[PDB]
Amino acid sequence: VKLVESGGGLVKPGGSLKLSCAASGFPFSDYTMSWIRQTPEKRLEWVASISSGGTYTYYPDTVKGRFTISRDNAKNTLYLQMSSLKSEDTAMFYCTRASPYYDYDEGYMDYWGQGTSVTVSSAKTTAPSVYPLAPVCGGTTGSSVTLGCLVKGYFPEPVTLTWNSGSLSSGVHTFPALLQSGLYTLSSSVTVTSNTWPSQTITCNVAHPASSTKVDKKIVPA
Amino acid sequence: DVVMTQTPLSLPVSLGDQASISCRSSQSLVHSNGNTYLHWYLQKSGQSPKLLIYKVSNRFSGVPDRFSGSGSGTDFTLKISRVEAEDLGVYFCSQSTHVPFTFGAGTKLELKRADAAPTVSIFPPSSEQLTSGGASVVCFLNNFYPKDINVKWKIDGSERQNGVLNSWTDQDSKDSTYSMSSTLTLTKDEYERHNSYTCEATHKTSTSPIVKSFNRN
Amino acid sequence: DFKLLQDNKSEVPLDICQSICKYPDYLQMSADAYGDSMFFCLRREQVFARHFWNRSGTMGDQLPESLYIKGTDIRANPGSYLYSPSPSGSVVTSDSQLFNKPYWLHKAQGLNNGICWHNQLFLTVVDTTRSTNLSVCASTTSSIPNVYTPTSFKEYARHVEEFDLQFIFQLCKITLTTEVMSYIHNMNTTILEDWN
Amino acid sequence: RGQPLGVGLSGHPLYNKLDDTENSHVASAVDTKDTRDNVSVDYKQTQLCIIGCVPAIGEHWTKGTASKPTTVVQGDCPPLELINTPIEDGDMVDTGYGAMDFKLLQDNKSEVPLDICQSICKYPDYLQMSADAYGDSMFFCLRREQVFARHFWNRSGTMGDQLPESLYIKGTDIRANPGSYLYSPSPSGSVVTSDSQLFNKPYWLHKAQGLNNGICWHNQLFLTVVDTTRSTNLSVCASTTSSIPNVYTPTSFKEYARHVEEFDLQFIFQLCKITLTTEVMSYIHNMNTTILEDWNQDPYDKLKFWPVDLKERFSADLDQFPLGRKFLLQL
C-alpha cells in the first residue's frame with residue numbers, strides 16, 4: 001500500500017498552495033481520507049478529513065476558512081487546497097487513511113504517507129555562507145581533534161550534510177538548524193585522530209538546492 | 001477543544017524493563033455510541049507516525065504482544081512488557097471521540113545508559129566570516145548523558161545572553177549519547193572590543209562547571 | 001445457487017439455503033429446433049411481498065453519496081440498504097387448480113407433436129398447492145404422565161406427496177423412405193440403432 | 001420474458017417518515033432531530049408495451065422556468081411544468097410516487113427510495129401519441145397497471161403552505177403548532193400472478209391505432225416495454241475471511257444485491273410495395289424527406305437505446321420458429 005504526498009514547495013505568506021497525495025494498494029474510493037500535519041516543534045495536529053465520496057468534509061476551527069480538502073476517486077488522489085496561509089501553518093503535511101465507508105468514521109489513521117513539508121515566511125531564498133571551524137592553539141592536542149563547519153544565513157531548508165564527499169561520516173554530529181530573524185543557522189562537528197589532520201584534507205560539503213548553489217569548504221589550521 | 005496530557009514527556013528505560021505511558025483527557029472520551037475512541041501512535045525518528053493501538057485496547061496489524069493498552073473514561077495507560085531496541089521513539093496519544101480530532105504532545109521513549117561527561121570545544125570566527133563584518137564563536141558539547149545541560153557564555157567577564165543560539169541533537173543511534181551546539185554571533189566591532197571569550201558548561205556529571213576558554217592568541 | 005452464492009448459510013430458509021432453485025427455460029425449450037424438450041407446458045404462479053426486512057452484514061457496494069444527505073452527524077454510517085421481502089403465495093383455491101384435469105394434446109408447440117422417441121416420456125410437474133406439513137409427536141416416557149413439559153415430547157415434521165399419472169397413447173407408423181430415415185439419422189442415430 | 005415471477009423491494013436508509021398517520025397508537029415522533037427512518041417499499045405494478053418506428057413519447061413533471069422576469073424567494077414552491085421527452089432505454093417508470101423529476105423537485109434527497117430519488121419517472125403520453133397525425137410513435141399499445149396504499153405516513157420539514165385557520169380549531173393551547181399535514185402513502189403492487197401476465201404471448205397487428213399501419217420506415221422498429229412482475233432481487237454475499245470460521249459475525253460477510261433481466265424478442269414482418277407515383281412520393285416528401293432521400297446522419301443516436309440487429313436473422317422458413325408456427329395458424 002502506498003500513500004505518497006507531493007506538491008508543491010515553500011511559498012510566500014498570504015498565498016495559495018495545493019497539496020496532492022497518490023494512493024495505491026487499496027480501494028481509494030472506499031475509505032475516508034484525512035490530512036494530519038506535524039509542526040516544526042514536532043507536535044501532531046489534525047488538519048482535515050473528507051468522506052469516501054468528496055461530499056462531506058470537516059476541519060478544525062483554526063483552519064475553517066483557509067483550507068479545502070478534496071479528492072478525485074477516479075484518479076485515486078487526495079488534495080488539500082490551502083490559501084492565504086500564515087506563518088503559524090508551517091508544517092510537515094501527512095496524508096492519512098481513516099475508516100472505510102461501511103464504518104462510522106472512527107478517526108484512527110492506520111496508514112500514513114511520507115510527508116511533504118511546506119513553510120510560509122516573508123524571507124526570500126538566500127544562499128548559505130559556509131565557514132570552517134579550526135582550533136587556533138592546542139592544549140592536550142591529541143586524542144582527539146575535532147573540527148567543525150558552519151552554515152550561516154540560508155533560506156529555506158534543507159541543506160546537505162556530508163563530510164569529505166560522503167567519506168568519513170564517523171564521529172559526525174550535525175545539529176538541527178535554528179531560525180532567527182527569518183534566517184537559518186546550522187552547525188556540524190567532526191571528530192578525527194589528532195595525527196590524522198591536517199595531514200589529510202577534511203572538507204565539509206554543503207549544497208542548497210533552493211538557491212541552486214553547491215559549495216565545498218576545506219578546513220585550514222589558520 | 002479536548003486536551004491530551006501524557007505523563008511523562010521523556011521516559012528513559014533500559015532494555016528488558018517495563019514501560020508505562022499515561023494519557024488523560026479533559027472530557028469523558030466515551031462517545032454517544034458503543035466504544036471509546038482513544039488511540040496510540042508511534043513515530044520513529046525521521047519516519048512518519050504509525051498506528052500502534054486503536055480504540056484504547058486493539059493492537060494494530062503487526063504489533064507485537066508486548067504492547068498493551070488499557071484505561072477508560074478520562075484515564076488511559078500504555079504498557080510495554082519488555083522494551084526492545086526498535087521500540088524507541090515518540091509515542092503519541094490521540095482522541096477522535098470529539099471534534100476536532102486532537103492529540104498531543106509526544107512522549108520520547110529513550111534508552112537508559114551510564115553517565116558521560118561532555119566533550120567541549122570552542123571555535124572563534126573564521127577568517128572568511130570576519131571579512132563579512134560579523135563574528136560567530138561556536139561551542140560544541142558532544143557525547144554527554146543525561147540530556148540536561150546548561151551553557152553560559154562570558155565576555156570577558158560578564159555573561160551575555162543577547163546573541164546565543166542553541167541546538168540539540170536527539171539520542172545518537174550509536175551508544176545513545178546526546179550532543180549540543182551553541183553559536184554566539186556578535187558584530188565584528190563588539191568582537192574586537194573584548195579579548196577573552198569563555199564558554200562554560202554546567203552538567204549533571206561530577207563535579208562543578210566544566211570550562212573552556214580562549215584569548216585572542 | 002444459494003449454496004455457492006451465499007456463504008452466510010442464513011439468507012433463505014433451510015429448504016434452499018444449501019440447494020439450487022431452477023426455473024424452466026421456456027424461452028430456450030420453445031426456440032428448440034426439434035421441440036423434443038417440451039411439447040406441452042402449463043404454468044401458473046403467484047406471489048406477493050408479505051413482510052419487508054433488512055439484511056445484516058457489511059454492504060459490499062458503497063451507497064453513492066449523491067443519493068442521500070447524511071444529516072448533522074456528518075460521520076454517520078448509513079444503515080443497511082439491502083432489502084429482501086418475505087414471499088407469499090396468497091390464497092390457494094381449487095378454482096385456480098391445474099391438475100386432476102384431462103389434457104388433450106392435438107397440436108404441439110414444437111415440430112415434435114407428442115411422439116415418444118425411444119418409447120419413453122418425461123413428465124415434469126410442480127404443485128405447491130398441497131404444501132401442508134404433518135406434525136407428529138411422540139412422548140419420551142413409555143406412557144405419558146398427565147403433565148405437559150416440552151422435554152417429555154419429541155416433535156417431528158413429515159411431508160407427503162401423492163400422484164396418479166394417466167395417459168392416452170396413439171400407435172403410429174413411419175415409412176422408412178430415403179430422404180426420411182436419413183433425416184431420422186441426422187436427428188438421432190440411436191433411433192435407427194434401436195430399431196433396424 | 002425469462003426469469004420467474006417475483007416481487008422486489010426498493011428502499012432508503014434515510015427515508016422522510018415522520019409519523020404513522022394511519023392508525024398509530026404507539027407514539028408520536030419529535031421533529032427536532034433527524035427523524036428519518038430506514039424504509040423499504042414494493043413499487044406499483046406496471047406492464048406496458050409500445051411498438052412503433054419512432055421512439056415513444058413520455059411525459060413527466062419538472063421544475064418549470066420562472067413565470068415572469070420575477071425574483072422569487074429561495075424556499076418557495078417552484079412552478080410545475082409538464083414536459084414530453086422521447087423514452088430511452090433505462091428511464092424510470094412511474095412507481096407509485098408520480099411521474100416527475102425527483103432530482104429537480106426534491107432537494108431533500110429523502111422523499112422517495114434510492115431507485116428514483118435522483119432520477120426521472122416517465123409515463124407514456126398515450127393521449128399525445130394517440131392524437132399523433134401519422135401514428136408513427138405508437139401503432140400497438142398494451143398497458144396494465146395496479147397499485148394500492150399500504151401505509152400512511154407524515155413528512156418532516158417546515159410546511160411551505162400555511163394551513164388556513166378556517167379549517168380547524170386550535171384547542172386550549174392557543175400556541176399549538178399544527179402538525180405535519182403533508183401525507184404521502186407507501187405504494188404497493190399487490191399480488192403478481194401469471195393470470196394477469198401480459199408477455200410471452202403472440203400479438204398480431206392487423207389494424208393500427210394510427211394511420212401508419214405498422215410500416216417500419218427507414219427499416220427500423222422501436223419497442224418500449226416495462227415489466228415489473230419479475231422484480232425479485234438476488235442477494236449474493238461473500239465472506240471476508242478466505243474460508244469462514246464456523247462462527248457467524250455480521251462483520252465477516254459482504255452483502256451485494258444484484259438484479260437480472262431476460263428477454264427474447266420475436267417478430268413476423270411482411271414485405272410491401274410502394275408505387276412511387278406523383279401525389280404519392282410528394283406526400284411521402286411532406287411526411288419525411290429522408291424517406292425518399294434514403295431511397296432513390298441520424299437524430300436518434302443522441303438517445304440511448306438497446307440495439308438489436310436483425311439484418312442477419314431474417315428467415316422465410318416460418319415453420320422453423322415458434323412465432324412462425326403460431327403465425328402459420330393464421331392462413
# chains A, B, ... in the order shown; residues from 1 in each chain; ligands from 1
call {"tool": "residues_around", "arguments": {"residues": "residue 171 of chain B", "least_positions_apart": "6", "cutoff": "8 Å", "atoms": "only C-alpha atoms", "output": "JSON, numbers by chain"}}
result
{"B": [110, 177, 178]}
call {"tool": "write_last_selection", "arguments": {"atoms": "C-alpha atoms", "output": "mmCIF file, in the first residue's frame"}}
result
data_model
loop_
_atom_site.group_PDB
_atom_site.id
_atom_site.type_symbol
_atom_site.label_atom_id
_atom_site.label_comp_id
_atom_site.auth_asym_id
_atom_site.auth_seq_id
_atom_site.Cartn_x
_atom_site.Cartn_y
_atom_site.Cartn_z
ATOM 1 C CA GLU B 110 14.719 6.892 25.242
ATOM 2 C CA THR B 177 24.593 9.874 23.784
ATOM 3 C CA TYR B 178 23.372 13.455 23.426
#
call {"tool": "interface_residues", "arguments": {"of": "chain D", "to": "chain C", "cutoff": "7 Å", "atoms": "only C-alpha atoms", "output": "PyMOL selection string"}}
result
chain D and resi 2+4+6-13+34+40+109-110+114+117-118+190-194+236-239+250-251+253-257+320-322
call {"tool": "interface_residues", "arguments": {"of": "chain B", "to": "chain A", "cutoff": "8 Å", "atoms": "only C-alpha atoms", "output": "count of residues only"}}
result
38
call {"tool": "closest_atom_pairs", "arguments": {"of": "chain A", "to": "chain C", "cutoff": "7 Å", "atoms": "only C-alpha atoms", "output": "JSON lines"}}
result
{"residue": "A:53", "atom": "CA", "partner": "C:65", "partner_atom": "CA", "distance": 6.3}
{"residue": "A:55", "atom": "CA", "partner": "C:65", "partner_atom": "CA", "distance": 6.9}
{"residue": "A:56", "atom": "CA", "partner": "C:74", "partner_atom": "CA", "distance": 6.8}
{"residue": "A:101", "atom": "CA", "partner": "C:62", "partner_atom": "CA", "distance": 6.9}
{"residue": "A:102", "atom": "CA", "partner": "C:77", "partner_atom": "CA", "distance": 6.2}
{"residue": "A:103", "atom": "CA", "partner": "C:77", "partner_atom": "CA", "distance": 5.7}
{"residue": "A:104", "atom": "CA", "partner": "C:77", "partner_atom": "CA", "distance": 4.8}
{"residue": "A:105", "atom": "CA", "partner": "C:75", "partner_atom": "CA", "distance": 5.2}
call {"tool": "select_by_dssp", "arguments": {"residues": "segment 5-127 of chain B", "states": "helix (DSSP H, G or I)", "output": "VMD selection string"}}
result
chain B and resid 85 to 87 127
call {"tool": "write_last_selection", "arguments": {"atoms": "N, CA, C and O atoms", "output": "mmCIF file, in the first residue's frame"}}
result
data_model
loop_
_atom_site.group_PDB
_atom_site.id
_atom_site.type_symbol
_atom_site.label_atom_id
_atom_site.label_comp_id
_atom_site.auth_asym_id
_atom_site.auth_seq_id
_atom_site.Cartn_x
_atom_site.Cartn_y
_atom_site.Cartn_z
ATOM 1 N N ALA B 85 14.983 -2.924 21.325
ATOM 2 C CA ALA B 85 15.754 -1.904 20.620
ATOM 3 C C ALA B 85 14.869 -1.046 19.720
ATOM 4 O O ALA B 85 14.888 0.187 19.807
ATOM 5 N N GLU B 86 14.076 -1.682 18.853
ATOM 6 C CA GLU B 86 13.280 -0.977 17.852
ATOM 7 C C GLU B 86 11.937 -0.490 18.393
ATOM 8 O O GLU B 86 10.944 -0.455 17.651
ATOM 9 N N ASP B 87 11.876 -0.120 19.671
ATOM 10 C CA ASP B 87 10.687 0.473 20.268
ATOM 11 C C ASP B 87 10.914 1.922 20.680
ATOM 12 O O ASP B 87 10.038 2.524 21.310
ATOM 13 N N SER B 127 38.265 33.224 9.301
ATOM 14 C CA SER B 127 38.801 34.341 8.533
ATOM 15 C C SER B 127 37.818 34.813 7.470
ATOM 16 O O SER B 127 37.789 36.004 7.140
#
call {"tool": "residues_around", "arguments": {"residues": "residue 196 of chain B", "least_positions_apart": "4", "cutoff": "7 Å", "atoms": "only C-alpha atoms", "output": "list in words"}}
result
residues 155, 156, 214, 215 and 216 of chain B
call {"tool": "select_by_dssp", "arguments": {"residues": "segment 63-188 of chain C", "states": "strand (DSSP E or B)", "output": "number ranges by chain"}}
result
C: 83-88, 134-139, 153-158
call {"tool": "write_last_selection", "arguments": {"atoms": "N, CA and C atoms", "output": "short mmCIF file (atom, residue, chain, number, x, y, z; two decimals), in the first residue's frame"}}
result
data_model
loop_
_atom_site.label_atom_id
_atom_site.label_comp_id
_atom_site.auth_asym_id
_atom_site.auth_seq_id
_atom_site.Cartn_x
_atom_site.Cartn_y
_atom_site.Cartn_z
N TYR C 83 -32.49 -4.74 0.98
CA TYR C 83 -33.84 -5.09 1.42
C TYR C 83 -34.29 -6.37 0.73
N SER C 84 -34.80 -7.31 1.52
CA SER C 84 -35.29 -8.59 0.99
C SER C 84 -36.67 -8.87 1.57
N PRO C 85 -37.69 -9.04 0.74
CA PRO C 85 -39.03 -9.31 1.25
C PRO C 85 -39.27 -10.78 1.52
N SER C 86 -40.24 -11.04 2.39
CA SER C 86 -40.71 -12.40 2.62
C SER C 86 -41.77 -12.73 1.58
N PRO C 87 -41.55 -13.71 0.71
CA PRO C 87 -42.56 -14.03 -0.31
C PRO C 87 -43.78 -14.70 0.31
N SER C 88 -44.87 -14.71 -0.46
CA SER C 88 -46.08 -15.39 -0.02
C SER C 88 -46.90 -15.76 -1.25
N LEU C 134 -47.43 -32.45 8.03
CA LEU C 134 -47.87 -33.18 9.20
C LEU C 134 -46.86 -33.03 10.33
N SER C 135 -47.35 -32.73 11.53
CA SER C 135 -46.51 -32.66 12.72
C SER C 135 -46.86 -33.85 13.60
N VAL C 136 -45.94 -34.80 13.70
CA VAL C 136 -46.11 -36.00 14.51
C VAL C 136 -45.23 -35.85 15.74
N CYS C 137 -45.78 -36.12 16.92
CA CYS C 137 -45.02 -36.02 18.16
C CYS C 137 -45.23 -37.27 18.99
N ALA C 138 -44.17 -37.71 19.67
CA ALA C 138 -44.20 -38.91 20.49
C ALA C 138 -43.63 -38.62 21.86
N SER C 139 -44.29 -39.11 22.90
CA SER C 139 -43.83 -38.87 24.26
C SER C 139 -42.53 -39.62 24.51
N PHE C 153 -41.70 -34.60 25.14
CA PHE C 153 -42.34 -34.85 23.86
C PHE C 153 -41.36 -34.52 22.74
N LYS C 154 -41.17 -35.46 21.83
CA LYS C 154 -40.35 -35.25 20.64
C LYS C 154 -41.24 -34.87 19.46
N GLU C 155 -40.84 -33.82 18.75
CA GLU C 155 -41.61 -33.26 17.64
C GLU C 155 -40.90 -33.54 16.32
N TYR C 156 -41.65 -34.04 15.34
CA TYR C 156 -41.16 -34.38 14.02
C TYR C 156 -42.07 -33.77 12.96
N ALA C 157 -41.47 -33.34 11.85
CA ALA C 157 -42.20 -32.76 10.73
C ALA C 157 -42.04 -33.67 9.51
N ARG C 158 -43.16 -34.14 8.98
CA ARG C 158 -43.18 -35.02 7.82
C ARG C 158 -44.07 -34.43 6.73
#
call {"tool": "residues_around", "arguments": {"residues": "segment 51-62 of chain D", "least_positions_apart": "3", "cutoff": "9 Å", "atoms": "only C-alpha atoms", "output": "PyMOL selection string"}}
result
chain D and resi 79-88+98-102+104-105+120-126+128-129+135-141+214-225+300
call {"tool": "residues_around", "arguments": {"residues": "residue 161 of chain B", "least_positions_apart": "5", "cutoff": "10 Å", "atoms": "only C-alpha atoms", "output": "list in words"}}
result
residues 152, 153, 154 and 184 of chain B
call {"tool": "residues_around", "arguments": {"residues": "residue 165 of chain A", "least_positions_apart": "2", "cutoff": "10 Å", "atoms": "only C-alpha atoms", "output": "ChimeraX atom specification"}}
result
/A:161-163,167-169,202-206,216
call {"tool": "write_last_selection", "arguments": {"atoms": "C-alpha atoms", "output": "JSON list (two decimals), in the first residue's frame"}}
result
[["chain", "number", "residue", "atom", "x", "y", "z"],
["A", 161, "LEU", "CA", 25.14, 17.30, 5.47],
["A", 162, "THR", "CA", 28.19, 15.48, 4.13],
["A", 163, "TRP", "CA", 31.86, 15.41, 5.10],
["A", 167, "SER", "CA", 33.55, 9.71, 3.24],
["A", 168, "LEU", "CA", 34.39, 9.68, 6.96],
["A", 169, "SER", "CA", 30.88, 10.14, 8.43],
["A", 202, "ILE", "CA", 38.90, 17.34, 5.70],
["A", 203, "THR", "CA", 36.24, 19.37, 3.90],
["A", 204, "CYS", "CA", 32.52, 19.91, 4.52],
["A", 205, "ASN", "CA", 30.18, 19.82, 1.52],
["A", 206, "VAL", "CA", 27.04, 21.96, 1.72],
["A", 216, "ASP", "CA", 32.53, 22.66, -0.54]]
call {"tool": "atom_distance", "arguments": {"atom1": "atom CA of residue 233 of chain D", "atom2": "atom CA of residue 21 of chain C"}}
result
13.9 Å
call {"tool": "residues_around", "arguments": {"residues": "residue 6 of chain A", "least_positions_apart": "4", "cutoff": "9 Å", "atoms": "only C-alpha atoms", "output": "ChimeraX atom specification"}}
result
/A:19-22,115-116
call {"tool": "write_last_selection", "arguments": {"atoms": "N, CA and C atoms", "output": "compact mmCIF listing (two decimals), in the first residue's frame"}}
result
# COMPACT_ATOMS: atom_id res chain seq x y z
N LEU A 19 -1.78 20.74 -2.27
CA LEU A 19 -1.10 19.52 -1.88
C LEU A 19 -1.81 18.31 -2.48
N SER A 20 -1.02 17.38 -3.01
CA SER A 20 -1.52 16.17 -3.64
C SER A 20 -1.05 14.93 -2.88
N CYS A 21 -1.78 13.83 -3.08
CA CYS A 21 -1.48 12.57 -2.42
C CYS A 21 -1.97 11.43 -3.30
N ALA A 22 -1.06 10.59 -3.76
CA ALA A 22 -1.39 9.44 -4.59
C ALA A 22 -1.47 8.19 -3.73
N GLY A 115 5.14 12.32 3.71
CA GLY A 115 5.09 13.69 4.17
C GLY A 115 5.67 14.67 3.17
N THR A 116 5.07 15.87 3.12
CA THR A 116 5.58 16.98 2.33
C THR A 116 5.60 18.22 3.21
call {"tool": "atom_distance", "arguments": {"atom1": "atom CA of residue 71 of chain A", "atom2": "atom CA of residue 158 of chain A"}}
result
29.5 Å
call {"tool": "atom_distance", "arguments": {"atom1": "atom CA of residue 159 of chain C", "atom2": "atom CA of residue 103 of chain C"}}
result
27.8 Å
